[PDB]
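The structure appears right after this line, and notes come after that.
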RNA sequence: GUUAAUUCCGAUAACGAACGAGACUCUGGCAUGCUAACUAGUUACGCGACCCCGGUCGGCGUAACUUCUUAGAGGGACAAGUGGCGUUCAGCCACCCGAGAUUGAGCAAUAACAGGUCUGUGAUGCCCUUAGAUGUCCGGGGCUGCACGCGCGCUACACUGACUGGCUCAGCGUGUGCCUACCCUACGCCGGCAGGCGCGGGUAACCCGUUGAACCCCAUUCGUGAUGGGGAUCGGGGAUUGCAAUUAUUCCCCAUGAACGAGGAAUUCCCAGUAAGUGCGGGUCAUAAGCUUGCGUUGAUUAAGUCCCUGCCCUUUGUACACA
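Chains as they are written, first to last, in my numbering: chain A, 127 to 226; chain B, 916 to 1057; chain C, -9 to 175; chain D, 5 to 148; chain E, 290 to 344; chain F, 43 to 108; chain G, 716 to 790; chain H, 209 to 349.
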């Protein structure tokens, strides 16, 4: 009955829209819901050379991929969770549903 | 009766120290140990600055317990030095009259800005092509 | 002591600044004296904010030099404290007064510059800077490769500069710069 | 107690090498070849010797005992990880060698490498680096 | 045999067992996070992967 | 170096020309007024425009503006 | 060019000089004692420990690098 | 009374080393007086009874925080690995010396092994540590 | 005239404009206000342990909460206010209030370089080889070679230091792989050591890890001696990774113990959490950082100016240069 939703996303405001839609769906379906917990973000850092060869001034890139993760707990059976998570999905957010 | 819990933080570049004031006796300790044994021991007067500037009567009724994480030695010493003063100012603002709070704040501002205002100086990032934030590697002509 | 500030065991008062040219640039009286000269920073952000820094903190910050010692401020506070102890146990007077007299008797009143060089007088803040640098250089030169420690050498340099017996390296370089400036004018 | 006593020797003759008595014992033993700071501390700790004394107040039967302990590392309870000739080629005996046999076994190992004509012996005979160093940029003050 | 000596080399390690997944060369490999590709093609396709120069 | 550019100045002149009655003297009032009347995509540009509006209103209270 | 010929232990004349003139010095510190008596700094520190055990000099502030001793009180 | 946080630790570890000198039943190994305490150290210690002082330090570290096994002991006794011509780094301490410290403090009851690994400190050891803390407090009064 | 700026004020054969700069995005402190937290803590308790009612416990669990932790909407600073200088316009300095009254990075205009890359590509044109191959594979060597010089770095030349114990503080981060055969490690034993053996945890705020990192703090040993600085060279031995270490892959133990006493002309980088000291992460990695890129601790001297040297940008002048 304690079902866990993990939301992993690259974009910020799309993930905010998805988690706000999940909050509004849980509030309209009237179940005991916890707050969305923000795991700390991860900045994938890549430092390579701008030049294909090694001839010139020593320049370096900083490729940054910022990934984000949130979690939402639900006190509800599995049919309610599948009914919520089967509606209004977008490619920016990956959803992981854990039963236990 | 009412719990006079006052939880006030103070921030160095990494060192964040949170002082906790309540009603009690005149004892001040940091991470369980008092101010008498905090290494380096040369900065004992720098920790006893608010006690010597405000007297023992103003600290005789307030117990202070500080949790400490982050920073270095001097960073944590200045963090607890700022946090106990800001916690005393917040306690005297919340639970007693504002006039004595204003006078103690005037004494602290006339002494040093470090007791109340945190420093916004943080470590500048190292750039590519240099060993530090501003320094560059040694250029060789011909 | 809520009324008066005790610099270690030393009082803020009983400091007789003889030179009227340095009464604003020596910040030791009643406002910038503390318990220990160690501090956080910010004194070198503005141009004339350096003058508001106390002179014991300026000696503390100028002592740490030459690579291996840059960044030991607690350690040079220990040096300055034990040097003040040696100054009091030799002279018997206030070591702060001995240091102020050393600055006054070691700061050069003229210098040479390029506009063939011509002699011009210096700013009082520049004279305090030159006096601190010369006495620190003399203390480090006396303590380099010697049994006599850095605190004893800094104490001997400040006491010889306050006495003016032409034994301190700062006094010798002050006389050398005065002779060169009298020559090329 | 800390004044100069009688029988104070300035130059000790221990294993055909002069020892200055002005230095402490644990670092004046180290002037002898084949024994350094760590092995000197181990010998002076495994023998009942207070090492705070100088190298001139210690007596002649006691330094004969020190000589016997330094010549016999096995029988006076010293383990086999302070020895500079673990698993010797000729006798196969674990022992610490003192100031003459060190150079003797060093030149006998060089003679063995010369006799087998290995690359290690060839680099020793040529006077070059042998542990795999780089002689393009370094090694200039020894050769003209 | 030819089948016994055509693949007698252990390729369990080294920088020649692994290669790029675009160029299949053995220089400048970004093995971090399973990219397994050279830095020039990484600079070429960082916008398609998702790496962007923020700071 | 705190010098305003033409994208701040001409837009602020158009704002004061079209909405002189709504604007006033207080910075934290006419800042929100310029936010509500003009679509400014950033707080920094909004603060630059509001500061130049306050400075032009000071010029109006001092005298005529060309 | 120059070599310091410092004594390692006490002579009789140097021990009498350390018992006579050293408790009359304003600075009783091992570097000054070694410079004025041509002895080791460690021997000077050992002599200071012996004078502390005897009770002729007065400690001011001890430290792992430098110890500070002075004379007896006047009154 | 008082705890060990009211007590200056620098003389407190020497006081518990003197307590272990008074007791003298820790069953020390044979190779104490010949071993170097880490892979990054250089000399043998100047003090002949460093084992009792390090056992005192082990006792107060396990009083302040538990769950410290051999890896945590090598971390707290790690230091500078001075590689010589190469720049120096950090290196852990030696495993076997702290392991023998834990075997001595398990042979006579001052610590006790805990679930999910680690060594906790027994109430008998807490009794002895607070009594010697009161001893150092009465000495400094 | 002013500005870091062709940034604006203002005259004006100009007017309307466009790129760049500015503007923009991200990073950093200011929030005791909102949203949230059993993958983070705080305060009160129920206990348990110890000392003489009180103190401590990262020892356990819970009635609220986000102050410490994290990330979202935000807000906050704009020359806003005062006093001077200035066409009273554009702007500049100081100051009260205030966390900032100039943080840094990315992008960065027209046009050009006979700059580097065909050794990044199954991006490619021309020429050459194509079976005794310049295709490909296997075995070994070499890319490390050494009378010499140059460039970037590391270690020291010491007592402001070396050695030995005690104490005490982080964040960038990374972690089990399509092929891929190779992860980070808690804890207990064997050994001084590198390491070995067993069960565990972790696809990552869960486990390493409260990331118990160094300089620094305290107490002995040293005594101006190329000495307990320094660790080059070299011998003997023990393990790890790999099919294979010999030209010592790397790590550890003992021993041998060189130059170096602050470095000439000349030259590199920099002005605030900056230089510098110091250590920790990623890439190269089976074994591996004397490199590079990020991060943390301690943390200054001196300057708020100049064309003197080296160059750059507008105006005028001269040219017999225009591969200038």
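Note that CB positions come from ideal geometry on N, CA and C, so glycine has one too.
Assign residue i to one of three DSSP states: helix, strand, or coil.
i                       : result
residue 166 of chain A  : strand
residue 334 of chain E  : helix
residue 239 of chain H  : helix
residue 946 of chain B  : coil
residue 984 of chain B  : strand
residue 1013 of chain B : helix
residue 128 of chain A  : strand
residue 145 of chain D  : coil
residue 1038 of chain B : coil
residue 80 of chain F   : coil
residue 328 of chain H  : strand
residue 93 of chain F   : helix
Going along chain A in order, which residues have a C-beta closer than 8 Å to the C-beta of residue i?
i                       : result
residue 1047 of chain B : What residue 1047 of chain B touches in chain A: nothing, since even the nearest Cβ is about 15 Å away.
residue 985 of chain B  : By Cβ distance, chain A contributes nothing, its closest Cβ being about 16 Å from residue 985 of chain B, past 8 Å.
For residue i, return the contacting residues in chain C, with the cut-off set at a CB-CB distance below 8 Å.
i                       : result
residue 929 of chain B  : Per Cβ cutoff of 8 Å: no residues; residue 929 of chain B is ~14 Å from chain C at best.
residue 1123 of chain B : As displayed, chain B neither begins before 916 nor continues past 1057, which places residue 1123 of chain B out of reach and without an answer.
residue 961 of chain B  : 25, 26, 28
Does the distance from the CB of residue i to the CB of residue j come in under 8 Å?
i                      : j                      : result
residue 730 of chain G : residue 7 of chain D   : yes
residue 938 of chain B : residue 976 of chain B : yes
residue 130 of chain A : residue 224 of chain A : yes
residue 159 of chain C : residue 131 of chain C : yes
residue 79 of chain C  : residue 775 of chain G : yes
residue 23 of chain C  : residue 43 of chain C  : no
How many angstroms separate the CA atom of residue i from the CA atom of residue j?
i                       : j                      : result
residue 176 of chain A  : residue 187 of chain A : 6 Å
residue 43 of chain D   : residue 279 of chain H : 29 Å
residue 1003 of chain B : residue 962 of chain B : 14 Å
residue 990 of chain B  : residue 62 of chain F  : 53 Å
residue 137 of chain D  : residue 116 of chain D : 22 Å
residue 335 of chain E  : residue 143 of chain A : 26 Å
residue 981 of chain B  : residue 46 of chain D  : 47 Å
residue 39 of chain C   : residue 768 of chain G : 51 Å
residue 291 of chain H  : residue 298 of chain H : 10 Å
residue 105 of chain C  : residue 171 of chain C : 14 Å
residue 72 of chain F   : residue 987 of chain B : 46 Å
residue 1009 of chain B : residue 140 of chain C : 51 Å
Would you mind telling me which residues of chain E sit closer than 7 Å to residue i, beta carbon to beta carbon, in chain order?
i                      : result
residue 178 of chain A : 329
residue 167 of chain A : Chain E residues near residue 167 of chain A: none, gap ~12 Å exceeds 7 Å.
Mind pulling the chain C residues with CB within less than 7 Å of residue i?
i                      : result
residue 741 of chain G : 79, 80
residue 736 of chain G : Near residue 736 of chain G there are no residues of chain C at all, since even the closest Cβ is about 17 Å away, more than 7 Å.
residue 964 of chain B : 25
Counting only Cβ pairs nearer than 9 Å, list the residues of chain D close to residue i.
i                      : result
residue 724 of chain G : 6, 7, 8, 9, 12, 58, 60, 61
Along chain B, in chain order, which residues have C-beta atoms closer than 8 Å to that of residue i?
i                      : result
residue 185 of chain A : 1043, 1044
residue 217 of chain H : 952
Which chain D residues sit within Cβ distance under 7 Å of residue i?
i                      : result
residue 761 of chain G : 6
Name the chain B residues whose beta carbon is nearer than 9 Å to that of residue i?
i                      : result
residue 213 of chain H : 944, 946, 947, 948, 949, 952
Note down, in chain order, every chain G residue with its Cβ under 7 Å from the Cβ of residue i.
i                      : result
residue 116 of chain D : Within 7 Å Cβ-Cβ: nothing; residue 116 of chain D doesn't reach chain G, min ~43 Å.
**OP:** Run through the region 30 to 80 of chain D for me and flag every whole beta strand (DSSP E) of 3 or more residues, listed as ranges in chain order.
**Re:** none
Original post:
Mind pulling the beta strand (DSSP E) runs of 3 or more residues that sit fully within the region 29 to 68 of chain C?
Top reply: none
Original post:
In the region 165 to 206 of chain A, which residue ranges form an unbroken alpha helix (DSSP H) of at least 4 residues, counting only runs that do not cross its ends?
Top reply: none
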